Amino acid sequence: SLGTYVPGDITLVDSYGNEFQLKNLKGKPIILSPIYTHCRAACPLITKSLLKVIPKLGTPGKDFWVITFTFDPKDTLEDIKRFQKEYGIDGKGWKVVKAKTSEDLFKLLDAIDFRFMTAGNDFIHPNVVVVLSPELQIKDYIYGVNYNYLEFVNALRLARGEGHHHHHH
């Protein structure tokens, strides 16, 4: 929900096995991308689309964090490492992570109003990228798989508390 905060005590584990809390990423805007590692339908589209917009916007790990995270609780460190290498993701400025436990996962998906359901051997789920302020406040949602540059620029400006002086609020 726009304006609500993602809990900072959520524990994530990156594809190198480095454990951290979401609060540890405070201080820069955060771009969050829920996927799952065995997702052959929408998730390659989302990630490939991000790969083609992120370089326009700035440098991951400097201007903002990019966090691809898996929502499949069966995904292991092996799985996310495979995903990282698959898409040539650097793993530091742009991380691929899993939630440490199901509580970390629940909490994260609950905050961003994300729900998934079974469809045979895969999941039915929304296509969404979430943009957080440096304080973990949800500032924008960008839906779909066909991203445009302007929508990301606008989202990052909102994340930084910019782009608002055209209006009295």
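Start at 1 with the first residue shown and count on from there.
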remark   = Higher avg CA temperature factor (124-132 vs 38-46, as deposited) belongs to 38-46
request  = Please work out which of 142-150 and 13-21 has the higher mean CA B-factor as recorded in the PDB entry.
outcome  = 142-150
query = With respect to the C-alpha temperature factors reported in the PDB entry, which of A119, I54, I31, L109 ranks highest?
reply = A119
task = Among all modelled residues of this chain, ranked by Cα B factor, put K92 in the bottom, middle or top third, i.e. lowest, middle or highest.
result = highest
request  = Classify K100 as lowest, middle or highest third according to the C-alpha B-factor given in the PDB entry, relative to its own chain.
outcome  = lowest
